[PDB]
Structure formats: structure tokens, C-alpha cells
Amino acid sequence: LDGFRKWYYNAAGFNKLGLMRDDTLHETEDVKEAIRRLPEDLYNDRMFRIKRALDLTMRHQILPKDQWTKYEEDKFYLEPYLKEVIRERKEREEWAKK
Amino acid sequence: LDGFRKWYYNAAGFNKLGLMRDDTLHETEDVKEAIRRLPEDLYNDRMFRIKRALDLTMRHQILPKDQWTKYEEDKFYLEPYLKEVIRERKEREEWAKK
Amino acid sequence: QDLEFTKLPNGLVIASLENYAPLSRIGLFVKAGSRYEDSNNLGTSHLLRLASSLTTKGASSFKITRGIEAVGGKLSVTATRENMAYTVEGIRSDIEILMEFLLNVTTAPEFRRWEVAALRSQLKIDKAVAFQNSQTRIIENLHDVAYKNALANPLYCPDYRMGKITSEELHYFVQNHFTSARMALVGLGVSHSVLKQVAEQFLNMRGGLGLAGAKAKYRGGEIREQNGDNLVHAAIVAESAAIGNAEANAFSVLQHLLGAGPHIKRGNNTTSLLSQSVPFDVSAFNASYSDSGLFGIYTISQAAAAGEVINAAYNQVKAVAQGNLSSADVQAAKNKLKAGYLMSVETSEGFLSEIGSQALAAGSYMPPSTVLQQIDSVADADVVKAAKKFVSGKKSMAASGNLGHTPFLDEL
Amino acid sequence: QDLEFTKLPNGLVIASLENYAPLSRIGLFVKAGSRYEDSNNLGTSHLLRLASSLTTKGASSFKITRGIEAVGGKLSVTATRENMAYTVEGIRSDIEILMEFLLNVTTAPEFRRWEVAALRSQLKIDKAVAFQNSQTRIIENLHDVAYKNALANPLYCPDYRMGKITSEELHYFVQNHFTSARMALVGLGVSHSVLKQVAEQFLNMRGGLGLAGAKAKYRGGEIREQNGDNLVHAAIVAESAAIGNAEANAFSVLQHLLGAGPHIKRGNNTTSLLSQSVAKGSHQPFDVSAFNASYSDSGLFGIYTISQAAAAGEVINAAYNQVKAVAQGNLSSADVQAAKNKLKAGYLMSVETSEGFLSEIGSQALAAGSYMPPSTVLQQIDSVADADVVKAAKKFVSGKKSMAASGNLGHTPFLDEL
Amino acid sequence: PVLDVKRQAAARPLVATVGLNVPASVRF
Amino acid sequence: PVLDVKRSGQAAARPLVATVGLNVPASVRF
């Protein structure tokens, strides 16, 4: 399962643009709240990575293979911050339900 | 000529709405610059007179005859301020011409 | 029943009174006022005061706010330059979760950075609302010119420090001043036992004496802020007695002799030696902190009259410094002071604050009765003495308004 | 030729020098600084300084601005706490209409209310730009804590007074301080005669002595400003000599002995006794100098320090200790001779430029009504002698001090500790 | 600026007060 | 707020002198 997940990570292809996994999340309301709660350096790296991926998609290029994002290396930075947004979101929802 | 001017002042009919002569001027750029240079009390009386005239025109009424604006009493307040706007305006124009 | 002071080994002074009130009130008192900051973390106590509804380890901000409003209870934070007090009140059937919320807020905050970044605008708004009146600004200016380091720190955050207070400063302030030896948990309308159980599930984790603060040093000087207003607010104070001395009682008797607020609506407060020294408003400002206290006149007069209003007021105190007083006036001052104390403790939240303060200050409860006889201890000469202290000690003057005819200290 | 002076019977001073310069400069100097306001019209001189391009009785704002820019001339306003100076400069063939514009601005303003209402936002912007650096705020704070009434008034308008300054206050200030007995018209590159003709068509109608100002009173004290800057700025001054005494020359020699700015770029200003006394104990970056500001009734002399907040204390103490050494006679005659050479070279380089020369003549005019040739001064500065310097020092070392501090002041000492 | 929601002597030290309830102010 | 158009460290040793006028530059010197 670990090797097949690495193969699927190579087949997804966002590592060839230098992106992380959390860069590829669709910005819903909860995702934008989690992005707003990021520290300044992580937010700046995320915006630069997104801008570089957009530039590479503009020129129809990819990064060189040494510059790709290694599956093992990818960091799920937004995840911790996101869970909270969802948790808080649900708590609020439940309160209203009841 | 003085009596015929009073007769024309009665025939114009803005005194029946309580307006002054300078309230009836069309607000061009020079007129709005002259209105902006008015003191606060004169501006507030002008805005109240215009609002009262608009309300009277809404109800299709006029003021009682004792409350009309006597030709002799009308004050050309905006005039002094206006001349300047025109003078300044012309001076600037001339400078550009030359 | 009667208050039960139990100084737990952790220094926490548990105090309880069960009077079977329908609404019961539980407060927690910490020696963590604005005097414990230095020049590197100014305004941290203001953000800590405004950060009582933040996410805690045990309850989120949403859970705290909706749970306190669900039972209709109230959570408030009152802060002086020495002490902070977090108070909850509500129906007896909901004070268990009210103590859960309050003790979570006191003991285990999180101080998330996005929450404090949202709170700094509220800090600016709260400071503007607080400085909408001239008395607050002139007392803050008076403390800033009167003291050097400790009590000169403002209750409200400075303008440059907004946008600069971080989560680490709040965490450091809490970890250095919210320790068990500086805390008293006081409950009216609750059983003492429960206070103790909540005092072990919480209030026991953080121990120690906490960071000791610096001794406050008097400086003097004058800060005159021309603000343009017609009224020239002016406070002239000097160093006085601290908390824990009979000279503090003498200074309290001295402000009630000189005048400490009108008793009649639209009265002229006839008796006040000051007022009668002769629109104006002349009183006497006395505030006593643990290491030092300030006494002195505080006058609000038309710009022009400031000259006489202030001088005349100063001259009246000099008369009291020369022994020119009557025993009936001192007896009336003692009656006014003791009636003010009894009406201050007649309300429930004032009673809870008093017990709280006494706890942190002396660890003991002083029955209202005891005080009455101690105030009586103050005698005429004692009052005179405190006066001469003010009349001689270096003065500190905070003035605001149109100060073209407001005198200086070397002229005063 | 040389400088040539006439005092007109209405009190106006006329000074001219014709050196046949290609660009000629004409200035007009009025004793109408910020010291002549009181608590009811604070900041009026700032709006008067910024209101030089307003509509006058004789030329509109558009005509003044487009006519000065049409010939490429320059109109500027410089203001101290005592004096205001309106200066125009341009080609000799256009200085007739330049004097028309300048004398209309000085003598016959209109001060229309919509124009000053538009100018108050520029007043706020100018104050923010001026207080972008720490030296300006700390000197304004130092004057405010040092004086009681006259010289304590700020050069820049207070925040509450913006939106409150009216046309009537400007008219009252002009009618009470822009009179002929307080004015000198100084022209480099022009004939004296024309100055006089323009001095009769203008500058002669307002001829009272005007409204006399109050005597400035010293107060002492200290005002601090905790604002979290990286560097602590601190000025500690005391009362000193006024304009018109030899003790002012002694205090100028004393600041050039203690240190009055670097002469070498990236130098350590080695000689400055202050700089040496700080640098022998502190390895942090610093900037210590001597401050002297003397006005016609009173003067301020002291020390100015910029330092890291942490060392702010002992550095200030070190600087103070150095002045105490000068108060104990611990000085050498070669050091005083070098201080005199530095002071006289600074004076000659200040008057070597055209606008500095016009300002100097102007100031001298208003101050003493007479022109003092650069040479004369040189021998008077020489008059100052070693003991004299020591004397001024003891004045500072003893007189009540006034302290303005700003920055992270957790380790900045107080006056009773200093 | 507007002092949020806009609209006597000082004898006792100031005391800030804030909390869940909407009101918040200082008293001498 | 932005101080209009933003930008000295050299310590003042002489009195200040505001300066403004028709020309665009405007500042103070010690």
C-alpha cells in the first residue's frame, strides 16, 4: 500500500509542479479559514509555490526531476489548521441543530 | 423697469415656493464650486429651502402669500461667491490660451 | 453563615460563604495587574483582560460563549494596577459548568495567534471608549508622571504596542503571574467544599510565587496636555501610605474630610472644606497600592478659574496641615468613610471583590465590624499628619485642557 | 561692493548687496515665530507657514503659483521659534515680479476660509512627514518640557488644533506680528534702491511695533515617550545664555569642544570628548553630540544621545560625566583652540552659500539691526577664552535640567538618578 | 475614531472592566 | 497613516527650522 501510494503520488503529477498536497485543496470556506490562520512564512511559501505552478502551467513545462516534491517530503501543513476549522464548524452546527 | 421686474418676479413663481433666485441656478461646475465655498449656515438654509420647495411641488401646493419671498427681500448670496469662481475660471482659461 | 478562609498549602486562599442566595457568584483573584509588566511587554495585561473569551484547553471560544449565555450567566474581568479578578455569576444549578468555564479560562488558555490578531482591533476600540472621558486620561497621566517603573504602567495598551503583542508574551505573563500562591478563589452562594474540589482539579497545576515585581519608585514631575477643551482637569498628588498601615486609614479620613464626592444630587457638597474653599468640581484623590499610594487634590474647573480653583484647594489642605480643623468635622468624615465602606460591601459583587482583595492582600478576612473600630482608631492628629505629608512631599501634576492660566508646580 | 543698510522711519530694515550674481535672492524676515502664540491659537504659525501660496490682494493663488513657476523662480518659507523668513530667488530679469509676489504674500493676504479648510489636511501631512524622524519629536518634546509659555510652543500644529484654526486667527496673527518695526528686507544680487521702492509700495503700511510677546520662563522637568523604537533618543539640556552675550559665544565654543557633528564620513569623530568618553566604555553603536539652541531671551544647552536601549543608561551617564570634567577645569588649551577653529570654519561655511548668507544678514537685521562682518565675528569668537568655556559648562552642570526621552526606556535613567 | 458607540470626579484609582456582557468601561 | 510619502540617525545638535514652500521639497534641519 505504501509503494502503491507513492506510485499514485507520481501519477497525480502535482509534485512535478513543485506543489504540496495541501496546495491542491479547493478553497472552500473552511479551507480559506484554515489558510487565514497560517503563519506568515508558511503562507508566503504556499503563495510562491502556487504562483510558480501557475507559471509552469502557462509555459506548459514542469520542474526538473531533482526539484520535484518527494512524496515522503511533502508536508501536510494546512491539515492541522484545517481540522480545527472543521471541528469548530461542526461544533457550531451541532449547537444550532440542538 | 423696476415695477415690471417685480411683475416678472411674481410671474416666475419661485417666490411662491419660498425659494431665492440663487437657489434656482442650474448646478454647473462653477455653481457647485460657489456652493462649496458657502458658509455653513447659508448652505443649510439653501438646502432646507430646496427641500421645502421639493416637498411643496410633491404635494402640488405653494406657500401662503405672507410666506412668499418678497422680490425686494430676496438676497443674492451665491452671486458674490459665484463671480469669483467665474473670475478664477477665466483667469485659468486665459493662462492656458496663452 | 460566614466566610471560610482556607489558605490551601498552594497559597490559594479558598474563601466561601453559603447564604442560599438565588444567584451565586464565584470569582478568582490573581496578583497580575499592569504593574508586573516592564517596558518590553506594555499593554499585555489589557489584552489578557480582553482575552477571557478565547479558546481554552477544555472548551473553545464558541463553547464558552454559548454555554455562559445558554444559562444566562455572566463572566466579567475587572483589573486594577495590582490585581485581576475573573468573576462568573448565575443560578446555583449551573455554577458547576460556570466553574468549569472560569477555571479553564484562568488555568489553561491556549492564546492562538489568529484569535489575538483579531482581538487587537477590539483592544484599540476599548481604549478609545475608555479615554472618551477626561478623568481616565488624567489619572493615567498622573500615574505615569508620579511613578518611575511599576505603578506608572498604564491600564490600557499604548498606541505603538497595538499590533505588536504576541501569543508568547501572553503565555509568559500567564506562566509568570498566574500561580497558586498569588490566587484566591472566592464564592458567595456556594459550598466551601466545591470550591476546594475545583481548586484541586484546577488552580493546583500552576504553583510557585511567580515572578516577583519591582518596587515602585516615585519620580514626580508634571505632564500638561493641552487638549483644547474648556474644562481644565488637573490632578496634583504626592506620595502617601501603602496598603497595610494606619496612615492609609488617616489618608482615607483625610479625603473624607476634604471631600470625596457629593452625597446629594445637585448638592454643592457644602461641607467639603475644598469645595467650600471656593462652575467647578474639586475633590480629593486617594489611591493606595501595596508599596505606595497617592493622595492629592483633583479639580475640574473652567480654564480661567483653574488658577484659583487649584490654588484655593491647595491652600485649604495647607490649613489642614496647620492644625486648622474641628473634631466634629473629623467625626463626620469618619461617619462618611464608614458609611461608604458599608454601602460598598452591601452589594453582592462588591462583597465578593472585597473578600477577594483582602485575600490577596493579607490572606485574611476582616469583618466589616473590625474595620469600623480601626477607622475609629484614626484620630484627629493622625489626619493632620497625613496632610503634612502631602503638603511637603514632591508633587506630581497631570493637567489637561486649555492650560494658558493653569499654574505649574514651582508656582503652585 | 559691501553690504548697505537703511533703517526706514517706519522701522523697516533694508539690507542690500549687489554682487552681480546670475541668480539673485530676496528674502523678508519677520519676528513672528511660534513663540508669539498662546494656548488659544496654537499651530497658527504652522498654517501661516504653509499658507504662502494663498490668494492675496493683488494676485490669486493660481497667478502666484504659475507666475513663479513660469520664470522658474523659487518661493520658500523657513521658520524657527522666533523668526519667519519668506524667500524668493530667480533670474535678475524676473525679480521685479518676484518682489511683487513676495511683498503681496507678506503684506496683503486674504485668508479665504475655503482655502484654509483645504490647507488643514496638508498641515496634517506636513506634520507626519516632519515627525517621521525621532530627532524632531525629541527636540519638540525637549522644548515643551524645558519651557513654560513662550519657547515651549511647538513648531508644528497639535493634533486637536487641526480643524480648529480659522481665518480670523491667521488675520489676527498677521495684524499683530507682521508690522514694519519687526521686518527686514534683505537682497543679494539686487540694487538697494529697488528694495527701498518696494519697501514703500509695501512694507510701510503696517508700521506698528505690533504685539509684544511674553518672556520665556524655564520650568525643568522630563517628558518621556515609550514607543518601541530600536534606538533610544535622549536630550538633556539646561538653561543657557541668550542672543547678544559673550556667554553665548562661550557655549558655542563649549559645544564645539564637546562635539557638534562629524567632520569625516564614517569617522568616529575621534576628538569629541563626549564621543571619546562613550567609546572608551561602550562598544555598541551610538551617536552623542552637544545641543545648543539660543533665542533672544533664553537658551538651551545640553547633550543629545542616540544609543541602544540597553546601554542607554551608562552612555548618557558617561556623556554627563564628561561635561562634569569640563566643569572641573579638566581641559587643554589646544582642545579649545581646535574647538574655536571648528566653530569659525562652520560659521564661514554656513555663510559661504547664497541662501545661508541671505539668512544670516536677515537674522542679524532682526536681532541687532546691524550687520556684523564675518571678520568681526572671528575676533569675537577668539575673545571667548578657556575659563569662559568652563564657566558655561558649570552653568549646564548645575542648572535645572530638562529631559526628553523616546524609545524603549526600560534602562533609561531619570533626572534624579542622572 | 468614532469611539465605537459614543455617548464627575476622580477620587479612586481607575478600574478596567470587560467581559461577555456588551457593556465595558472604567470607574474611579 | 502612511506618512504620505515615506523616506536619518544623525543626532540633532542645533535648533530646528521647518521649511516649506512652492518648491516640492519640504523638511527640517537642526
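Just so it is clear, none of the values below were taken in a lab; they were calculated from the coordinates. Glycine gets a Cβ as well: all are built from the backbone with ideal geometry, and neighbour counts include every protein chain shown.
Count the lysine pairs in segment C:305-412 whose Cα atoms sit under 24 Å apart, keeping only pairs 8 or more residues apart in sequence or on different chains.
18
Which angle from 0 to 90°, rounded to the nearest 10, does the C-alpha axis of helix D:167-177 make with the longest principal axis of chain D?
Rounded to the nearest ten degrees, it is 80.
Which of the listed residues, D:260, A:47, B:78, is farthest toward the dipole's positive end in the protein assembly as shown, when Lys, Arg count +1 and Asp, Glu count -1 at the beta-carbon?
A:47
If you put +1 on each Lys and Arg Cβ and -1 on each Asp and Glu Cβ, how big is the dipole of segment A:8-98 around its Cα centre, in Debye rounded to 20?
Around 200 debye, computed over segment A:8-98.
Give me the Kirkwood hydrodynamic radius of the protein assembly as shown, using the inverse of the mean 1/r over all pairs of distinct Cα atoms, in Å to one decimal.
34.8 Å
How high is the relative contact order of segment D:230-368, in percent, with contacts defined as C-alpha pairs under 8 Å that are six or more residues apart?
29 percent
Return a whole-number percent for the relative contact order of chain B, with Cα pairs under 8 Å and 6 or more residues apart as the contact set.
44 percent
What residue among D:32, D:171, D:392 has its Cα farthest toward the positive end of the dipole of chain D, where the charges are +1 on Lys, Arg and -1 on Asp, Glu, each on the Cβ?
Result: D:171, furthest along the dipole toward the positive end.
Enumerate the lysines that residue D:164 could reach by cross-link, defined here as Cα to Cα under 22 Å, with residues fewer than 8 away along the same chain left out.
D:124, D:127, E:6
In nm, to one decimal, how far is the residue D:280 label point from the residue C:374 one, both placed 7 Å along Cα→Cβ?
Label-label distance for residue D:280 and residue C:374, simple model: 5.6 nm.
Between residue D:117 and residue E:2, how high is the FRET efficiency from 1/(1 + (r/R0)^6) when r is the Cβ-Cβ distance and R₀ = 35 Å? Nearest 0.05.
0.95
Using +1 at the C-beta of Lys and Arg and -1 at the C-beta of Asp and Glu, which of D:118, D:75, D:107 has the Cα lying farthest in the positive direction of the dipole of segment D:33-118?
The listed residue farthest towards the positive side: D:118.
On a straight-distance basis, which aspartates and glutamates could pair with residue D:342 in a cross-link, Cα separation under 16 angstrom, same-chain partners fewer than 8 positions away excluded?
The qualifying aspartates and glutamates are D:352, D:382, D:386.
Which residue fluctuates the most in chain D, going by a Gaussian network model with Cα springs under 10 Å, if the choices are D:13, D:129, D:194?
It is D:129.
Along Cα→Cβ, 7 Å out, is where each label goes; now give me the distance between the ones at residue C:128 and residue A:75 in nm to one decimal.
Spacing of the two 7 Å Cα→Cβ label points: 3.9 nm.
Based solely on its DSSP helices, what 222 nm [θ] is calculated for the protein assembly as shown when runs of n ≥ 4 H residues each add -39,500 (n - 2.57) and the sum is averaged over all residues, nearest 500 deg cm²/dmol?
The helix contribution divided over the protein assembly as shown gives -13500 deg cm²/dmol.
So what's the gap between the Cα centers of segment D:1-66 and segment A:39-98, to the nearest angstrom?
Value for the Cα centre distance between the two parts: 65 Å.
Pairs on different chains or at least eight residues apart, Cα atoms closer than 16 Å: how many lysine pairs in segment B:1-70 fit?
Close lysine pairs found across segment B:1-70: 6.
Highest GNM mean-square fluctuation, chain B, Cα pairs closer than 10 Å: which of B:20, B:47, B:58?
B:58
In whole percent, what relative contact order does segment D:240-285 give with Cα contacts below 8 Å and a gap of six or more residues?
Rounded, it is 23 percent for segment D:240-285.
Quote the charge dipole size of the protein assembly as shown about the Cα centre in Debye, to the nearest 20; the model charges only the Cβ of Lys and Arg (+1) and of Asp and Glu (-1).
Roughly 740 debye for the protein assembly as shown.
Using R₀ = 41 Å, calculate the FRET efficiency as 1/(1 + (r/R₀)^6) where r is the Cβ-Cβ separation of residue C:329 and residue C:410; round to 0.05.
0.85
If you stretched the chain out fully between residue A:43 and residue A:2, how much longer would it get, using 0.36 nm times the residue separation minus the C-alpha to C-alpha distance?
11.8 nm
How large is the charge dipole for segment C:72-129, taken about the Cα centre, if only the Cβ atoms of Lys, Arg (+1) and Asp, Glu (-1) carry charge, to the nearest 20 debye?
For segment C:72-129, the charge dipole is close to 400 debye.
Once you order the gyration tensor axes a ≥ b ≥ c over the Cα atoms, which shape class does segment A:42-93 get: rounded for a/c under 1.5, otherwise prolate or oblate by comparing a/b with b/c?
prolate
Assign one of three labels to segment D:273-313, namely rounded, prolate or oblate, based on the Cα gyration tensor with a ≥ b ≥ c the square roots of its eigenvalues; rounded applies when a/c is under 1.5, prolate when it is not and a/b is larger than b/c, and oblate otherwise.
Prolate is the answer for segment D:273-313, as a/c is 1.5 or above and a/b outweighs b/c.
Could you name the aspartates and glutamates in cross-link range of residue D:148, using Cα to Cα under 16 Å and dropping any fewer than eight places away on the same chain?
Candidates past the 8-residue exclusion: C:222, C:225, C:410, C:411, D:37, D:38, D:82, D:140, D:222, D:239, D:297.
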